[PDB]
$ cat structure14.txt   # compact mmCIF, C-alpha atoms
# COMPACT_ATOMS: atom_id res chain seq x y z
CA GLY R 1 0.00 0.00 0.00
CA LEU R 2 3.06 2.25 -0.39
CA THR R 3 1.99 5.83 -1.19
CA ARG R 4 3.95 8.38 -3.21
CA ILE R 5 3.11 11.79 -1.68
CA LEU R 6 5.60 13.99 -3.61
CA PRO R 7 8.23 12.85 -6.13
CA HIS R 8 10.81 12.68 -3.33
CA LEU R 9 8.44 11.74 -0.50
CA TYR R 10 6.74 8.40 0.23
CA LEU R 11 4.50 7.42 3.15
CA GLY R 12 4.21 3.78 4.23
CA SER R 13 4.13 1.02 6.85
CA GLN R 14 6.67 -1.17 8.63
CA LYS R 15 5.77 -3.94 6.17
CA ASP R 16 6.53 -1.58 3.25
CA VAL R 17 9.93 -0.40 4.50
CA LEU R 18 11.12 -3.95 5.30
CA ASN R 19 10.19 -5.23 1.85
CA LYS R 20 13.63 -5.06 0.21
CA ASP R 21 12.29 -5.67 -3.28
CA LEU R 22 9.71 -2.90 -2.99
CA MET R 23 12.33 -0.49 -1.65
CA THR R 24 14.91 -1.39 -4.32
CA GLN R 25 12.23 -1.42 -7.04
CA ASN R 26 11.39 2.20 -6.18
CA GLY R 27 14.98 3.28 -5.58
CA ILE R 28 14.26 4.35 -1.99
CA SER R 29 17.51 4.94 -0.07
CA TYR R 30 16.44 7.30 2.76
CA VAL R 31 14.21 6.28 5.69
CA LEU R 32 12.48 8.37 8.35
CA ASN R 33 11.23 5.94 11.00
CA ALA R 34 8.64 7.47 13.32
CA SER R 35 8.50 4.81 16.03
CA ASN R 36 10.41 3.26 18.93
CA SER R 37 9.81 -0.37 18.01
CA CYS R 38 10.16 -0.57 14.22
CA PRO R 39 13.66 -1.67 13.16
CA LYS R 40 15.90 0.02 10.59
CA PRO R 41 16.07 -2.25 7.54
CA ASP R 42 19.48 -3.91 7.26
CA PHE R 43 19.79 -2.70 3.67
CA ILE R 44 19.56 1.01 4.60
CA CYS R 45 22.69 3.12 5.37
CA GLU R 46 22.99 4.74 8.79
CA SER R 47 23.72 8.13 7.22
CA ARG R 48 20.43 7.90 5.29
CA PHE R 49 18.38 6.94 8.34
CA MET R 50 16.63 8.98 11.02
CA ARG R 51 14.47 7.82 13.93
CA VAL R 52 11.72 9.91 15.55
CA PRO R 53 11.36 7.86 18.75
CA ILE R 54 7.64 8.23 19.49
CA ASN R 55 4.72 5.98 20.47
CA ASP R 56 1.24 6.29 18.88
CA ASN R 57 -0.89 7.68 21.71
CA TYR R 58 -2.82 10.64 23.09
CA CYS R 59 0.02 12.01 25.22
CA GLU R 60 3.07 11.48 23.02
CA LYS R 61 4.78 14.60 21.84
CA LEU R 62 5.80 15.03 18.16
CA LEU R 63 6.16 18.85 17.98
CA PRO R 64 9.97 19.40 18.52
CA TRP R 65 10.78 16.61 16.08
CA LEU R 66 8.98 18.27 13.19
CA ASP R 67 11.63 20.77 12.12
CA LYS R 68 14.38 18.09 12.18
CA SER R 69 12.16 15.60 10.31
CA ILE R 70 11.52 18.23 7.64
CA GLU R 71 15.27 18.99 7.42
CA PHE R 72 15.94 15.25 6.88
CA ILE R 73 13.37 15.06 4.08
CA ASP R 74 14.96 18.12 2.46
CA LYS R 75 18.41 16.50 2.68
CA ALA R 76 17.04 13.71 0.48
CA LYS R 77 15.45 16.29 -1.85
CA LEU R 78 18.80 18.11 -2.20
CA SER R 79 20.53 14.79 -2.93
CA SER R 80 18.00 13.96 -5.68
CA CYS R 81 16.86 10.99 -3.57
CA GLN R 82 13.53 9.60 -2.36
CA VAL R 83 12.75 9.19 1.34
CA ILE R 84 10.06 7.05 2.90
CA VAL R 85 8.46 8.17 6.12
CA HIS R 86 6.92 5.24 7.98
CA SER R 87 5.66 3.99 11.29
CA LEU R 88 4.01 0.69 12.19
CA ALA R 89 0.86 1.10 10.10
CA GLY R 90 1.67 4.38 8.39
CA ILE R 91 -1.64 5.97 9.38
CA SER R 92 -0.85 8.28 12.34
CA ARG R 93 2.74 9.08 13.41
CA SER R 94 4.31 9.04 9.95
CA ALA R 95 1.20 10.55 8.35
CA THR R 96 1.42 13.57 10.66
CA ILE R 97 5.06 14.17 9.71
CA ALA R 98 4.18 14.09 5.99
CA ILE R 99 1.36 16.58 6.62
CA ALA R 100 3.69 18.95 8.49
CA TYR R 101 6.23 18.74 5.65
CA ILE R 102 3.64 19.87 3.11
CA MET R 103 2.45 22.63 5.42
CA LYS R 104 5.90 24.14 5.84
CA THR R 105 7.09 23.59 2.26
CA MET R 106 4.03 24.97 0.49
CA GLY R 107 2.74 27.42 3.10
CA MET R 108 -0.43 25.34 3.09
CA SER R 109 -2.92 25.49 5.98
CA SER R 110 -3.16 22.45 8.24
CA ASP R 111 -6.62 21.72 6.79
CA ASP R 112 -5.36 21.73 3.21
CA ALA R 113 -2.18 19.76 3.98
CA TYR R 114 -4.20 17.12 5.88
CA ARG R 115 -6.55 16.85 2.90
CA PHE R 116 -3.59 16.67 0.46
CA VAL R 117 -2.12 13.63 2.22
CA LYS R 118 -5.52 12.12 2.97
CA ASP R 119 -6.50 12.27 -0.72
CA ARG R 120 -3.42 10.25 -1.70
CA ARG R 121 -3.45 7.81 1.24
CA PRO R 122 -7.14 7.54 2.29
CA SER R 123 -6.31 5.08 5.07
CA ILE R 124 -4.52 7.71 7.18
CA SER R 125 -6.21 8.43 10.49
CA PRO R 126 -3.89 10.40 12.77
CA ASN R 127 -4.88 10.41 16.41
CA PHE R 128 -6.33 13.70 17.61
CA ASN R 129 -3.32 14.48 19.80
CA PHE R 130 -1.03 14.54 16.72
CA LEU R 131 -3.53 16.51 14.64
CA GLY R 132 -3.66 19.16 17.39
CA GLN R 133 0.14 19.39 17.42
CA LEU R 134 -0.14 20.21 13.69
CA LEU R 135 -2.38 23.16 14.59
CA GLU R 136 0.20 24.38 17.13
CA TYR R 137 3.00 23.86 14.62
CA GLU R 138 1.15 25.99 12.08
CA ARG R 139 0.58 28.68 14.66
CA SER R 140 4.32 28.80 15.37
CA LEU R 141 5.28 28.98 11.69
CA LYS R 142 2.96 31.96 11.30
CA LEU R 143 4.76 33.78 14.13
CA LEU R 144 8.18 32.93 12.65
CA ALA R 145 7.00 34.33 9.31
CA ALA R 146 5.79 37.44 11.12
CA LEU R 147 9.34 38.15 12.34
CA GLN R 148 10.59 37.79 8.76
CA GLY R 149 8.29 40.67 7.85
CA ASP R 150 5.48 38.46 6.57
CA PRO R 151 2.35 39.30 8.60

$ encode --input "structure14.txt" --output "structure tokens"
Amino acid sequence: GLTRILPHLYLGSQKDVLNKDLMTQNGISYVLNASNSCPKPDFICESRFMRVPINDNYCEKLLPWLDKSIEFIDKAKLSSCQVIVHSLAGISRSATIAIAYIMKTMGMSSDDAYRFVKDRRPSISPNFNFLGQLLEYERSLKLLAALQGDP
């Protein structure tokens, strides 16, 4: 069920990322693993791997990992490479990271970015706690932009 979100950005599950043939077939060399329990695939290089060590629940905190996750995805983009963002099921933790990436990159509202990812991977269903952290993330980007002279 591997989903291409942008040409350099895929969203998927643990089963996707551990499928060597699927990964090699699609030339995916970077992995952003949003989980504590999912393993790095043996066939992925440490320098092309990043973990966001979070559990999927109503109290887990994703906010301060968002800017570094986005930076990682842009490192792949600069290297002309594709990155997959995944968690266990690829419907909550990883999905929220993909949504935040689109928000920041395109200056899209959290509503529109959620819909953008949801349209391409209809199975996503991020828990409300993560969706709320997206709202707070957007609020903070708007204040950062304000300082840059963009009210």

$ residues_around --input "structure14.txt" --residues "residue 54 (chain R)" --least-positions-apart "5" --cutoff "7 Å" --atoms "all atoms listed in the file" --output "PDB file with C-alpha atoms, keeping the file's coordinate frame"
ATOM      1  CA  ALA R  34       8.640   7.470  13.320  1.00  0.00           C
ATOM      2  CA  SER R  35       8.500   4.810  16.030  1.00  0.00           C
ATOM      3  CA  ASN R  36      10.410   3.260  18.930  1.00  0.00           C
ATOM      4  CA  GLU R  60       3.070  11.480  23.020  1.00  0.00           C
TER       5      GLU R  60
END

$ atom_distance --input "structure14.txt" --atom1 "CA of residue 114 (chain R)" --atom2 "CA of residue 69 (chain R)"
17.0 Å

$ atom_distance --input "structure14.txt" --atom1 "CA of residue 127 (chain R)" --atom2 "CA of residue 99 (chain R)"
13.1 Å

$ closest_residue --input "structure14.txt" --among "R:98, R:129, R:145, R:52" --to "residue 83 (chain R)" --atoms "only C-alpha atoms"
R:98

$ residues_near_point --input "structure14.txt" --point "(14.5, 10.2, -0.3)" --cutoff "12 Å" --atoms "all atoms listed in the file" --output "PyMOL selection string"
chain R and resi 4-11+23+26-32+44+48-50+70-85

$ closest_atom_pairs --input "structure14.txt" --of "region 78-146 of chain R" --to "region 61-67 of chain R" --cutoff "10 Å" --atoms "only C-alpha atoms" --output "JSON lines"
{"residue": "R:93", "atom": "CA", "partner": "R:62", "partner_atom": "CA", "distance": 8.2}
{"residue": "R:96", "atom": "CA", "partner": "R:62", "partner_atom": "CA", "distance": 8.8}
{"residue": "R:97", "atom": "CA", "partner": "R:66", "partner_atom": "CA", "distance": 6.7}
{"residue": "R:98", "atom": "CA", "partner": "R:66", "partner_atom": "CA", "distance": 9.6}
{"residue": "R:100", "atom": "CA", "partner": "R:66", "partner_atom": "CA", "distance": 7.1}
{"residue": "R:101", "atom": "CA", "partner": "R:66", "partner_atom": "CA", "distance": 8.0}
{"residue": "R:104", "atom": "CA", "partner": "R:67", "partner_atom": "CA", "distance": 9.1}
{"residue": "R:129", "atom": "CA", "partner": "R:61", "partner_atom": "CA", "distance": 8.4}
{"residue": "R:130", "atom": "CA", "partner": "R:62", "partner_atom": "CA", "distance": 7.0}
{"residue": "R:132", "atom": "CA", "partner": "R:63", "partner_atom": "CA", "distance": 9.8}
{"residue": "R:133", "atom": "CA", "partner": "R:63", "partner_atom": "CA", "distance": 6.1}
{"residue": "R:134", "atom": "CA", "partner": "R:63", "partner_atom": "CA", "distance": 7.7}
{"residue": "R:136", "atom": "CA", "partner": "R:63", "partner_atom": "CA", "distance": 8.2}
{"residue": "R:137", "atom": "CA", "partner": "R:63", "partner_atom": "CA", "distance": 6.8}

$ residues_around --input "structure14.txt" --residues "residue 41 (chain R)" --least-positions-apart "6" --cutoff "10 Å" --atoms "all atoms listed in the file" --output "MDAnalysis selection string"
chainID R and resid 14 17:20 31 49

$ residues_around --input "structure14.txt" --residues "residue 91 (chain R)" --least-positions-apart "6" --cutoff "9 Å" --atoms "only C-alpha atoms" --output "ChimeraX atom specification"
/R:11-13,121,123-127

$ closest_residue --input "structure14.txt" --among "R:51, R:22, R:118, R:92" --to "residue 1 (chain R)" --atoms "only C-alpha atoms"
R:22

$ atom_distance --input "structure14.txt" --atom1 "CA of residue 140 (chain R)" --atom2 "CA of residue 128 (chain R)"
18.6 Å

$ residues_around --input "structure14.txt" --residues "residue 110 (chain R)" --least-positions-apart "2" --cutoff "7 Å" --atoms "only C-alpha atoms" --output "PDB file with C-alpha atoms, in the frame of the given file"
ATOM      1  CA  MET R 103       2.450  22.630   5.420  1.00  0.00           C
ATOM      2  CA  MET R 108      -0.430  25.340   3.090  1.00  0.00           C
ATOM      3  CA  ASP R 112      -5.360  21.730   3.210  1.00  0.00           C
ATOM      4  CA  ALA R 113      -2.180  19.760   3.980  1.00  0.00           C
ATOM      5  CA  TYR R 114      -4.200  17.120   5.880  1.00  0.00           C
ATOM      6  CA  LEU R 134      -0.140  20.210  13.690  1.00  0.00           C
ATOM      7  CA  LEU R 135      -2.380  23.160  14.590  1.00  0.00           C
ATOM      8  CA  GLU R 138       1.150  25.990  12.080  1.00  0.00           C
TER       9      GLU R 138
END

$ closest_residue --input "structure14.txt" --among "R:24, R:3, R:151, R:105" --to "residue 119 (chain R)" --atoms "only C-alpha atoms"
R:3

$ closest_residue --input "structure14.txt" --among "R:147, R:87, R:120, R:107" --to "residue 55 (chain R)" --atoms "all atoms listed in the file"
R:87

$ build_atoms --input "structure14.txt" --residues "region 76-106 of chain R" --atoms "N, CA and C atoms" --output "PDB file, in the frame of the given file"
ATOM      1  N   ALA R  76      17.299  14.642   1.579  1.00  0.00           N
ATOM      2  CA  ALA R  76      17.040  13.710   0.480  1.00  0.00           C
ATOM      3  C   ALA R  76      16.726  14.468  -0.812  1.00  0.00           C
ATOM      4  N   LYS R  77      15.829  15.448  -0.714  1.00  0.00           N
ATOM      5  CA  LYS R  77      15.450  16.290  -1.850  1.00  0.00           C
ATOM      6  C   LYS R  77      16.676  16.953  -2.503  1.00  0.00           C
ATOM      7  N   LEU R  78      17.589  17.465  -1.685  1.00  0.00           N
ATOM      8  CA  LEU R  78      18.800  18.110  -2.200  1.00  0.00           C
ATOM      9  C   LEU R  78      19.712  17.090  -2.883  1.00  0.00           C
ATOM     10  N   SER R  79      19.704  15.859  -2.378  1.00  0.00           N
ATOM     11  CA  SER R  79      20.530  14.790  -2.930  1.00  0.00           C
ATOM     12  C   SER R  79      19.879  14.059  -4.101  1.00  0.00           C
ATOM     13  N   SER R  80      18.775  14.605  -4.613  1.00  0.00           N
ATOM     14  CA  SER R  80      18.000  13.960  -5.680  1.00  0.00           C
ATOM     15  C   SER R  80      17.609  12.536  -5.305  1.00  0.00           C
ATOM     16  N   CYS R  81      17.219  12.325  -4.048  1.00  0.00           N
ATOM     17  CA  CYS R  81      16.860  10.990  -3.570  1.00  0.00           C
ATOM     18  C   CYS R  81      15.431  10.961  -3.047  1.00  0.00           C
ATOM     19  N   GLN R  82      14.865   9.762  -2.939  1.00  0.00           N
ATOM     20  CA  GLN R  82      13.530   9.600  -2.360  1.00  0.00           C
ATOM     21  C   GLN R  82      13.666   9.126  -0.928  1.00  0.00           C
ATOM     22  N   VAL R  83      12.770   9.600  -0.061  1.00  0.00           N
ATOM     23  CA  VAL R  83      12.750   9.190   1.340  1.00  0.00           C
ATOM     24  C   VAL R  83      11.380   8.609   1.635  1.00  0.00           C
ATOM     25  N   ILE R  84      11.337   7.533   2.415  1.00  0.00           N
ATOM     26  CA  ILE R  84      10.060   7.050   2.900  1.00  0.00           C
ATOM     27  C   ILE R  84       9.940   7.382   4.381  1.00  0.00           C
ATOM     28  N   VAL R  85       8.788   7.937   4.733  1.00  0.00           N
ATOM     29  CA  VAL R  85       8.460   8.170   6.120  1.00  0.00           C
ATOM     30  C   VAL R  85       7.476   7.077   6.510  1.00  0.00           C
ATOM     31  N   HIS R  86       7.772   6.360   7.588  1.00  0.00           N
ATOM     32  CA  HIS R  86       6.920   5.240   7.980  1.00  0.00           C
ATOM     33  C   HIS R  86       6.788   5.144   9.477  1.00  0.00           C
ATOM     34  N   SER R  87       5.766   4.411   9.904  1.00  0.00           N
ATOM     35  CA  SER R  87       5.660   3.990  11.290  1.00  0.00           C
ATOM     36  C   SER R  87       5.230   2.534  11.248  1.00  0.00           C
ATOM     37  N   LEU R  88       4.453   2.078  12.223  1.00  0.00           N
ATOM     38  CA  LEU R  88       4.010   0.690  12.190  1.00  0.00           C
ATOM     39  C   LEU R  88       3.017   0.472  11.049  1.00  0.00           C
ATOM     40  N   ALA R  89       1.946   1.259  11.062  1.00  0.00           N
ATOM     41  CA  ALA R  89       0.860   1.100  10.100  1.00  0.00           C
ATOM     42  C   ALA R  89       0.900   2.188   9.039  1.00  0.00           C
ATOM     43  N   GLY R  90       1.587   3.284   9.339  1.00  0.00           N
ATOM     44  CA  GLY R  90       1.670   4.380   8.390  1.00  0.00           C
ATOM     45  C   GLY R  90       0.372   5.166   8.308  1.00  0.00           C
ATOM     46  N   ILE R  91      -0.393   5.199   9.400  1.00  0.00           N
ATOM     47  CA  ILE R  91      -1.640   5.970   9.380  1.00  0.00           C
ATOM     48  C   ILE R  91      -1.744   7.120  10.387  1.00  0.00           C
ATOM     49  N   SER R  92      -0.773   7.244  11.293  1.00  0.00           N
ATOM     50  CA  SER R  92      -0.850   8.280  12.340  1.00  0.00           C
ATOM     51  C   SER R  92       0.455   9.058  12.532  1.00  0.00           C
ATOM     52  N   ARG R  93       1.462   8.419  13.129  1.00  0.00           N
ATOM     53  CA  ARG R  93       2.740   9.080  13.410  1.00  0.00           C
ATOM     54  C   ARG R  93       3.428   9.585  12.147  1.00  0.00           C
ATOM     55  N   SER R  94       3.684   8.674  11.214  1.00  0.00           N
ATOM     56  CA  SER R  94       4.310   9.040   9.950  1.00  0.00           C
ATOM     57  C   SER R  94       3.421   9.975   9.130  1.00  0.00           C
ATOM     58  N   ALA R  95       2.114   9.720   9.128  1.00  0.00           N
ATOM     59  CA  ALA R  95       1.200  10.550   8.350  1.00  0.00           C
ATOM     60  C   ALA R  95       1.290  12.009   8.814  1.00  0.00           C
ATOM     61  N   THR R  96       1.350  12.205  10.127  1.00  0.00           N
ATOM     62  CA  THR R  96       1.420  13.570  10.660  1.00  0.00           C
ATOM     63  C   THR R  96       2.703  14.282  10.214  1.00  0.00           C
ATOM     64  N   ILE R  97       3.817  13.563  10.193  1.00  0.00           N
ATOM     65  CA  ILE R  97       5.060  14.170   9.710  1.00  0.00           C
ATOM     66  C   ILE R  97       4.955  14.608   8.249  1.00  0.00           C
ATOM     67  N   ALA R  98       4.394  13.746   7.398  1.00  0.00           N
ATOM     68  CA  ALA R  98       4.180  14.090   5.990  1.00  0.00           C
ATOM     69  C   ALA R  98       3.311  15.335   5.850  1.00  0.00           C
ATOM     70  N   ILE R  99       2.261  15.417   6.664  1.00  0.00           N
ATOM     71  CA  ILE R  99       1.360  16.580   6.620  1.00  0.00           C
ATOM     72  C   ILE R  99       2.119  17.844   6.997  1.00  0.00           C
ATOM     73  N   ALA R 100       2.889  17.791   8.081  1.00  0.00           N
ATOM     74  CA  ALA R 100       3.690  18.950   8.490  1.00  0.00           C
ATOM     75  C   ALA R 100       4.676  19.377   7.392  1.00  0.00           C
ATOM     76  N   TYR R 101       5.270  18.408   6.700  1.00  0.00           N
ATOM     77  CA  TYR R 101       6.230  18.740   5.650  1.00  0.00           C
ATOM     78  C   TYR R 101       5.565  19.558   4.542  1.00  0.00           C
ATOM     79  N   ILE R 102       4.359  19.159   4.160  1.00  0.00           N
ATOM     80  CA  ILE R 102       3.640  19.870   3.110  1.00  0.00           C
ATOM     81  C   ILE R 102       3.232  21.244   3.584  1.00  0.00           C
ATOM     82  N   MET R 103       2.801  21.330   4.839  1.00  0.00           N
ATOM     83  CA  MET R 103       2.450  22.630   5.420  1.00  0.00           C
ATOM     84  C   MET R 103       3.591  23.639   5.325  1.00  0.00           C
ATOM     85  N   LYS R 104       4.757  23.244   5.809  1.00  0.00           N
ATOM     86  CA  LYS R 104       5.900  24.140   5.840  1.00  0.00           C
ATOM     87  C   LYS R 104       6.417  24.434   4.441  1.00  0.00           C
ATOM     88  N   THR R 105       6.486  23.414   3.585  1.00  0.00           N
ATOM     89  CA  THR R 105       7.090  23.590   2.260  1.00  0.00           C
ATOM     90  C   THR R 105       6.237  24.479   1.373  1.00  0.00           C
ATOM     91  N   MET R 106       4.927  24.270   1.409  1.00  0.00           N
ATOM     92  CA  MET R 106       4.030  24.970   0.490  1.00  0.00           C
ATOM     93  C   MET R 106       3.347  26.187   1.122  1.00  0.00           C
TER      94      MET R 106
END
